[PDB]
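All values below were derived from every heavy atom in this structure, side-chain atoms included, with hydrogens, water molecules and symmetry-related copies excluded. Within every chain, numbering begins at 1; the chains are lettered A, B, ... in the order of the sequence lines, protein sequences first and strands thereafter.
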Amino acid sequence: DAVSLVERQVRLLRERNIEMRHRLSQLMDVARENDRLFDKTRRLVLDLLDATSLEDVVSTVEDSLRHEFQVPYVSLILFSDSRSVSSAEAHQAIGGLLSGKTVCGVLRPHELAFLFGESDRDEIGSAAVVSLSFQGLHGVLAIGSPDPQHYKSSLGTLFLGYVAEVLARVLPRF
Amino acid sequence: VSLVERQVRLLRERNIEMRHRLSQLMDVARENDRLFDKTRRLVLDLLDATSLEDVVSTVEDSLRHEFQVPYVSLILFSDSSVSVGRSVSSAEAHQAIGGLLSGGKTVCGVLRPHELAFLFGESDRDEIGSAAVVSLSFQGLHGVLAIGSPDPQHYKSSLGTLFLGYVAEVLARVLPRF
């Protein structure tokens with residue numbers, strides 16, 4: 001009885017210590033990931049600020065999103081009356097999507113077609129899109145993944161809005 | 001009964017040490033989230049700055065009241081020094097803290113009295129325990145940015161390392177425009 005009590009103290013302490021090892025490990029994982037997202041975002045921001053052409057801006061954003069952030073599907077479409085479409089062509093295709101806020105989850109078939117092309121549409125389960133606007137509408141930036149759980153919430157798609165904020169301020173310089 | 005007593009004693013120590021370790025890790029994660037957000041906002045505010053005054057004012061107000069740093073120094077270098085904020089000549093800067101301007105590192109966030117007195121105007125700068133200093137250079141040396149804390153271990157923090165350096169890089173790029 002006296003030993004059974006202290007034995008139970010040992011079981012309870014072990015359970016607690018195992019539980020805290022799980023939390024510690026889970027916290028160290030998210031810490032490491034935020035360090036990455038932070039570093040990749042920094043390099044993106046500085047590379048965008050140091051861009052000398054519109055082509056270098058586009059290349060920077062696509063290279064980073066695809067190969068630093070490991071986004072399966074990336075679409076950056078700039079609007080121009082001069083890839084890029086007319087603003088009027090953009091509203092004809094996907095008008096009803098743009099209206100500062102990030103839209104995510106299951107987009108409509110015809111919107112996935114315009115952003116990601118006919119082929120890729122079908123392998124995209126979730127997607128997040130944002131308008132590139134700062135003192136004018138400069139285009140649209142979209143990211144997509146086959147996992148429909150990825151890019152369903154604001155949490156998973158938060159970086160997209162941060163990039164769009166900076167990218168939208170950089171596009172007018174060209 | 002003494003094997004089981006010995007077991008409980010070591011399990012308790014281990015348990016206590018883990019709790020504290022996990023607690024600190026949670027505090028650090030929370031502070032880093034707060035700092036990520038303030039940095040994001042500062043970067044955009046800087047890109048949106050419409051003047052030199054707006055640039056320097058935004059940095060100092062943000063670092064002091066958003067980041068909540070107790071000691072803040074922003075000095076711009078200029079021969080013809082005319083400004084609301086602090087402005088000294090590059091020559092004068094280098095006489096006081098030139099080793100750090102040239103890209104040098106301090107030993108354990110410890111500045112020397114004359115360096116503290118050059119960087120920090122706060123009447124209680126004598127209470128600074130550690131500091132981080134970074135020069136503002138991008139296609140030229142534009143000035144110096146410095147933060148200080150009463151805590152001697154603060155120079156090792158994510159603020160002192162990551163965030164300050166990134167703020168400096170954006171600030172160094174934006175200053176040339178004015």
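The shortest heavy-atom contact between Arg86(B) and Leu74(B) is CB-O, 3.9 Å. Scanning both residues, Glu115(B) and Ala96(B), for their nearest heavy atoms gives CG-O, 3.6 Å. Of all heavy-atom pairs between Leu132(A) and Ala168(A), the closest is C-CB, 4.1 Å. Smallest separation of non-hydrogen atoms from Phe120(B) and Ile147(B): CZ-C, 3.9 Å. In terms of heavy-atom proximity, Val174(B) sits nearest to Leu46(B) at CG1-O, 3.7 Å. Heavy-atom minimum distance, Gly144(A) versus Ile124(A): CA-CG2, 4.3 Å.
Remark: the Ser126(A) side chain and the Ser145(A) side chain contain an N/O donor-acceptor pair separated by less than 3.5 Å. If you check the side chains of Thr41(A) and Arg40(B), you find no donor sitting under 3.5 Å from an acceptor. The closest side-chain donor-acceptor pair between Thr58(B) and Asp54(B) falls under 3.5 angstrom.
Checking each of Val129(A), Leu141(A), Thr157(A), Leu158(A) against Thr102(A) for a side-chain contact (heavy atoms from CB on, under 4.5 Å) leaves exactly one that passes, namely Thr157(A). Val144(B) pairs in a side-chain contact (heavy atoms from CB on, under 4.5 Å) with only one of the listed residues (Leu101(B), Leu76(B), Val88(B)), which is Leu101(B).
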Exercise. Can you check side chain to side chain contact (heavy atoms under 4.5 Å, CB included) on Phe79(A) and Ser86(A), steps first, answer last?
Worked result: CA-CA 5 Å; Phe79(A) 300 154; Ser86(A) 152; over 6 Å; no
For this session: Kindly indicate, with the supporting measurements, whether the criterion side chain to side chain contact (heavy atoms under 4.5 Å, CB included) is fulfilled by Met28(A) and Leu25(B).
Result: CA-CA 8 Å; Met28(A) 278 171 152; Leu25(B) 201 59; 3.9 Å; yes
Problem set entry | Criterion side chain to side chain contact (heavy atoms under 4.5 Å, CB included) on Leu160(A) and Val71(A), from CA distance to verdict | CA-CA 11 Å; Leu160(A) 181 54; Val71(A) 175; over 6 Å; no
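Among residues two or more places apart in sequence or in another chain, the salt bridge (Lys or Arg N to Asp or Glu O under 4.0 Å) test is passed with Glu118(A) by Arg121(A). With sequence neighbours excluded, the residues forming a salt bridge (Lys or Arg N to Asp or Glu O under 4.0 Å) with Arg173(B) are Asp50(A), listed by chain and number. Judged as a side chain to side chain donor-acceptor pair (under 3.5 Å), and not counting sequence neighbours, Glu62(A) has no contacts.
A single hydrophobic cluster is not seen to contain both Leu159(B) and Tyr155(B); linkage of ILVMFWY side chains at heavy-atom distances under 4.5 Å, directly or through other members, places them apart. Hydrophobic clustering keeps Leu137(A) apart from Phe134(A) (ILVMFWY residues linked when any side-chain heavy atoms are closer than 4.5 Å, directly or through intermediates).
Using a cutoff of 4.0 Å between basic side-chain nitrogens and carboxylate oxygens, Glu13(B) and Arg9(B) are scored as salt-bridged. Using a cut-off of 4.0 Å between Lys/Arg side-chain N and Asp/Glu carboxylate O, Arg36(A) and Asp39(A) are scored as not salt-bridged.
The aromatic rings of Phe38(A) and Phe163(B) sit perpendicular, their planes meeting at an angle over 60°, well past the 30° parallel limit.
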